Structure formats: structure tokens, C-alpha cells
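Read left to right, the sequence shown gives residues -3 to -1, 1772 to 1956 (the deposited numbering).
Ideal Cβ positions, reconstructed from N, Cα and C, are used throughout, including at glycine.
Encoded as C-alpha cells, the structure appears first; notes follow it.
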Amino acid sequence: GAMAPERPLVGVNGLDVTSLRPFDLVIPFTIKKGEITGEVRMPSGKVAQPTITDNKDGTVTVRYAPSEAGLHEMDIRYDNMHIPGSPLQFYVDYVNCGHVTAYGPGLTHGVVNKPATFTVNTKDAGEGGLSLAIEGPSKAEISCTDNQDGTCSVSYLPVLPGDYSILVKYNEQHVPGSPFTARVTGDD
């Protein structure tokens, strides 16, 4: 054909914060004088910058607007030196879909002797053996609770700073992105 027909239309085929689950996390750290910046890296070959905000309570909150699914990671640095708890690492997923899945701050970042928490969604997942574990540089203790909304909540206590692998599984099948890696920091 020589040209388009007499019925043209423009539309967006990519995903955004309206259609994907966002990234939002909190880290024990304080801004005083200087500057903090970062980078988030995508499986699809893309790159983007995060936002950092100091809460004035002895913590910084870190945020990013999503556009791709899969296993992701984020670098954060103050005056070009990495902060304690950087890099962060986690999975991004379609929260409205029917597959068994897991997300929250505790599987991305932890703090020694503090209860770190996250959620597993089982809302349309069927039936079987639901399982949960952590493998770290020392043995963390773990608890979990079934909710009337059709989700499971999770809590765990690490004891020394380092990398801790989180495992989530249902009916002998791992959730997408499992095993994940949390990075644990010092409380003092």
C-alpha cells in the first residue's frame, strides 16, 4: 500500500508504574553534607536512575518507577562511594496475575537483630506444601502467617551483616525470582 488508511491511531505498548508493581525500600543512613545518586539495571538491556529522600528519622527511603519484569538490581552511592546496603537486588512482577509470587523490603534489604518483613501472594495459587527458608553467613530465625485476604506474611531475624539468600516455594515449584538475595546491614 502507498500510505496508511483513513483510520490512524497512536498508542503506548510499554509498561509503567500504573501497570507494574513499583520499587520502594528504606535504609538506615543519614544525609548531612554532600550528595547521593544511583542506577537501576534491567534484564531487557535498559538503564534508569532512582530517587533518594532522607526521612530526618535516621533513615533514607529509595524509590524507582518500573517498566520491565524479571530479576533486577540497584546501585546507590554517596559522593561516588557505595552506601552500606548497596547494591540492592530483587524481582519485579505482574501483581494482578494468578501465579504464586513474593515481594517486600525484607527479601531485598535487612538489618541485624531487627525483624525484616515481606509478603508472599497465594491468592489464586491452588493447594500443596507452601515453604520458606533463608541461607546466610549465620542462621537467621524465621516466622510466617496466613492472612484472610489469601496472602502469607513473613518475618525474619538476621544476626551479622552480609548477603542472605531467601527461598520461596509451593508444591515443589519455586516462585519466579527465587532464590532471591537480601543484603543485611549493622544497627550500630
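Item, Value
"When you compare the CB positions of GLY1853 and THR1949, do they come within less than 7 angstroms of one another, or not?", "no"
"Output yes or no for whether 7 angstroms exceeds the beta carbon distance between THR1876 and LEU1856.", "yes"
"Give me the residue from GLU1909, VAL1828, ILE1851 and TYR1862 with the minimum Cα distance to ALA1884.", "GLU1909"
"From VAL1943 to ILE1799, what distance separates their C-alpha atoms?", "37 angstroms"
"Which value, in whole angstroms, describes the spacing of the CA atoms of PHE1791 and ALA1833?", "7 angstroms"
"Return the first residue and the last residue of the beta strand (DSSP E) that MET1810 is part of.", "Per DSSP, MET1810 belongs to no beta strand (DSSP E) and is neither H nor E."
"Per DSSP, which residues does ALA1950 bridge with? Please list them.", "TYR1932"
"Using alpha carbons as the reference points, say which of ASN1889, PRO1811 and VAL1830 lies closest to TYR1938.", "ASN1889"
"Please report the Cβ distance between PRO1796 and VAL1880, rounded to the nearest whole angstrom; I am assuming they are in contact, meaning their Cβ atoms lie under 8 angstroms.", "No, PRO1796 and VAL1880 are not in contact; Cβ-Cβ is about 10 angstroms, not under 8 angstroms."
"Taking buried to mean at least 16 other C-beta atoms within 10 Å of its own C-beta, is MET1842 buried or exposed?", "buried"
"Within 8 angstroms, do at least three Cβ pairs link the segment 1776 to 1784 to the segment 1819 to 1838?", "yes"
"Return yes when the Cβ of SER1933 is within less than 7 angstroms of the Cβ of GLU1903, no when it is not.", "yes"
"Taking the Cβ atom as the reference point for each residue, do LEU1935 and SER1921 lie within a distance shorter than 7 angstroms?", "no"
"CB-CB under 6 angstroms to residue 1957, same chain, minus the five flanking residues each way: which ones, in chain order?", "Nothing can be reported for residue 1957, as the shown portion of the chain is limited to -3 through 1956."
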